[PDB]
Student: 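I have a structure I would like to understand better, so I am pasting it below and will then ask my questions one at a time.
Throughout, protein chains are lettered first and strands after them, A, B, ... in sequence-line order, and every chain is numbered starting at 1. Atoms within each ligand, like the ligands themselves, are counted from 1 in listed order.
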Number of protein chains: 2
Amino acid sequence: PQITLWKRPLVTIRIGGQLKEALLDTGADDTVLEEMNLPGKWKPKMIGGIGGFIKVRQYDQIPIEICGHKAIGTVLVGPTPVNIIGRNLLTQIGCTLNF
Amino acid sequence: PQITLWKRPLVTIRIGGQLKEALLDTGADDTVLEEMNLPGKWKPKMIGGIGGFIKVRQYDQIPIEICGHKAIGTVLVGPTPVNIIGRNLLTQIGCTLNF
Ligand SMILES: CC(C)[C@@H](C(=O)N[C@@H](Cc1ccccc1)C[C@H](O)[C@H](Cc1ccccc1)NC(=O)[C@@H]1CN(c2ccccc2)C(=O)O1)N1CCCNC1=O
């Protein structure tokens with residue numbers, strides 16, 4: 001598909017039994033999801049955004065389905081206001097910027 | 001051009017005769033540049049994202065040439081960690097997400 005940028009490029013993603021709306025975010029290195037209690041091992045991390053840093057939990061090799069496309073990779077979980085689909089997963093589903 | 005996302009989508013922009021590197025950011029509503037001098041009246045503004053809120057200066061109707069494509073629009077200036085081209089100007093240069 002082609003997504004214009006007149007509005008936030010929000011799409012439906014699925015992670016396990018949870019469906020959520022998330023930004024397709026070319027300015028995000030990583031995928032940052034709102035608080036959720038995912039299974040398995042994780043490591044603490046600090047990530048920096050526009051106003052400073054937040055603390056997140058890094059989970060590796062998490063399958064996520066984005067608009068019907070399969071992805072699997074690192075997901076950072078923490079107190080973000082918005083779910084962010086970062087470059088690590090955007091490349092997996094074939095996403096490019098075009099103009 | 002078509003831009004893939006294995007690297008940060010950083011491009012050269014021209015603003016006030018100065019060349020800067022800036023991030024093409026579909027996850028940004030607004031265009032926000034690191035501290036610099038621009039002419040004209042600005043309006044104090046606050047923006048909030050991951051990590052909290054910062055104070056910026058809003059300049060209107062500022063021309064930026066992004067990768068050879070001309071835009072004229074609102075540019076926020078402030079303590080952003082990185083120069084960011086947001087959706088207000090991405091739409092002007094015909095930028096879309098495709099996969
Ligand atoms: C850039 C501003 C203008 C924007 C905004 O903060 N958008 C964010 C997503 C976001 C977050 C919170 C609120 C609203 C949007 C998403 C952006 O793509 C934003 C751009 C950016 C990049 C680097 C440093 C600072 C900012 N990205 C990010 O903030 C995160 C940070 N992050 C990360 C960084 C290091 C290590 C691991 C992960 C990542 O992958 O994306 N914004 C804030 C004001 C309101 N609207 C808006 O678009």
Student: Counting non-hydrogen protein atoms only, what is the nearest one to atom 46 (N) of ligand 1? Give residue, atom name and distance.
Tutor: B/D29 OD2, 3.1 Å
Student: Among all protein heavy atoms in this structure, tell me which lies nearest to atom 41 (O) of ligand 1, with the distance rounded to 0.1 Å.
Tutor: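 Of the protein heavy atoms, A/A28 CB, 3.1 Å lies nearest.
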Student: Can any side-chain N or O of B/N88 pair as donor or acceptor with the backbone N or O of B/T74 at less than 3.5 Å?
Tutor: yes
Student: Check each atom of ligand 1 against the heavy atoms of A/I47 and keep those under 4.0 Å away; list them by number with element.
Tutor: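 In order of number, 36 (C), 37 (C), 38 (C).
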Student: Determine, using the 4.5 Å side-chain heavy-atom cutoff (strictly less than), whether A/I72 and A/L89 are members of one ILVMFWY cluster.
Tutor: no
Student: Return the option from A/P81, B/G48, B/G51 holding the heavy atom at the smallest distance from atom 43 (C) of ligand 1.
Tutor: B/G48
Student: Angle between ring planes, A/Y59 versus A/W42, binned at 30° and 60°: parallel, tilted or perpendicular?
Tutor: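 Tilted, since the angle between the ring planes falls between 30° and 60°.
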Student: Give a yes or no on whether a salt bridge exists between B/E35 and B/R57, defined as a side-chain N under 4.0 angstrom from a carboxylate O.
Tutor: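 Judged by the 4.0 Å cut-off on N to carboxylate O distance, B/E35 and B/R57 do form a salt bridge.
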Student: Can you check whether A/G86's main-chain N or O pairs, donor with acceptor, with A/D25's side chain at less than 3.5 Å?
Tutor: no
Student: Considering the heavy atoms of A/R8, write down every atom of ligand 1 situated less than 4.0 Å from one of them.
Tutor: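 Counting from 1, the qualifying ligand atoms are 46 (N).
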Student: Could you name the option among B/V82, A/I84, A/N88, B/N88 that has the heavy atom nearest to atom 30 (C) of ligand 1?
Tutor: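 Closest candidate by heavy-atom distance is A/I84.
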Student: Hey, is B/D25 touching ligand 1 through its side chain, its backbone, both or neither, going by heavy atoms under 4.0 Å?
Tutor: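 Only the side chain of B/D25 comes within reach of ligand 1.
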Student: Any idea which protein heavy atom is nearest atom 3 (C) of ligand 1, and the distance to it?
Tutor: B/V32 CG2, 3.8 Å
Student: Considering B/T80, A/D30, B/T26, B/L76, which one's heavy-atom position lies nearest to atom 36 (C) of ligand 1?
Tutor: A/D30
Student: If we count only non-hydrogen protein atoms and require a distance under 4.0 Å, does atom 48 (O) of ligand 1 qualify as touching the protein?
Tutor: yes
Student: Could you tell me whether A/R87 approaches ligand 1 through its side chain, its backbone, both or neither, with non-hydrogen atoms closer than 4.0 Å?
Tutor: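 Neither part.
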Student: Does any part of the side chain of A/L24, heavy atoms only, come nearer than 4.5 Å to the side chain of A/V11, both counted from C-beta?
Tutor: yes
Student: With a 4.5 Å heavy-atom cut-off, do A/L5 and B/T26 have their side chains touching?
Tutor: yes
Student: Are B/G86 and ligand 1 in contact, using a heavy-atom cut-off of under 4.0 Å?
Tutor: no
Student: Hey, are the side chains of B/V32 and B/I47 touching, using non-hydrogen atoms and a 4.5 Å cut-off?
Tutor: yes
Student: If you take the nearest heavy atom of each of A/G27, B/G49, A/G52, B/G52, which one is closest to atom 12 (C) of ligand 1?
Tutor: B/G49
Student: Does A/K45 reach ligand 1 with a nitrogen or oxygen that is under 3.5 Å from one of the ligand's nitrogen or oxygen atoms?
Tutor: no
Student: Using a strict cut-off of less than 4.0 Å between a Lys/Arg side-chain nitrogen and an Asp/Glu carboxylate oxygen, indicate whether B/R14 and B/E65 qualify as a salt bridge.
Tutor: no
